[PDB]
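Worksheet: one structure, shown below.
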Amino acid sequence: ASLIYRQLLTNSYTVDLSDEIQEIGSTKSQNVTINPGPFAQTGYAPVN
Amino acid sequence: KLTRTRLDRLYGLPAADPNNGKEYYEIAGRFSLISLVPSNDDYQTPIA
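For the record, the sequence lines run as chains A and B. For the first sequence, the authors' numbering gives the first residue as 2, with consecutive numbering after it. For the second sequence, the authors' numbering gives the first residue as 438, with consecutive numbering after it.
Right, dumping it as C-alpha cells:
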C-alpha cells in the first residue's frame, strides 16, 4: 500500500506539464518600470 | 529726401523701399530657449 506514496513522489514531473497547461490558459499582462526617486522640485518662473 | 515735397534730409526708413532690392536681411544669431519639455526618462517601458 506504500506504493501510493512511492508513485506519487516518483511521477511528479507531470506536475510541470499540468502547470504549463494552466499557464497557456492564463491571461498574461506586463508591467513597465516605475520612475523612482526624490523628483526635483521645479516650479513656475518669475513672471509679471 | 523726397523730391517735390517739403521733407529734406529726413531720417527713418519709409513705407516705399526699405528692402532696397536686398536679397534678404541675413541676421545670424544664437538662441537659448529654456522650456519645460516632456520626458519619461528611460522608464515607463516594458521591464524586458
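Even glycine gets a Cβ: it sits at the ideal position worked out from N, Cα and C.
Determine the DSSP secondary structure at residue i, reduced to helix, strand or coil.
{"i": "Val16 of chain A", "result": "helix"}
Output needed for residue i: all residues of its chain with C-beta closer than 8 Å, excluding positions within five of it in sequence on either side, in chain order.
{"i": "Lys438 of chain B", "result": "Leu444, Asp445, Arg446, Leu447"}
Using a C-beta cutoff of 9 Å, does residue i count as contacting chain A?
{"i": "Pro475 of chain B", "result": "no"}
{"i": "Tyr480 of chain B", "result": "yes"}
Counting only beta-carbon separations shorter than 9 Å, does residue i have a partner in chain B?
{"i": "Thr15 of chain A", "result": "no"}
{"i": "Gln23 of chain A", "result": "no"}
{"i": "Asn12 of chain A", "result": "no"}
Only counting the same chain, and skipping five residues up and downstream in sequence, which positions put a Cβ closer than 7 Å to that of residue i?
{"i": "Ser472 of chain B", "result": "none"}
So, does the region 466 to 483 of chain B touch the region 31 to 41 of chain A, judging by three or more C-beta pairs under 8 Å? yes
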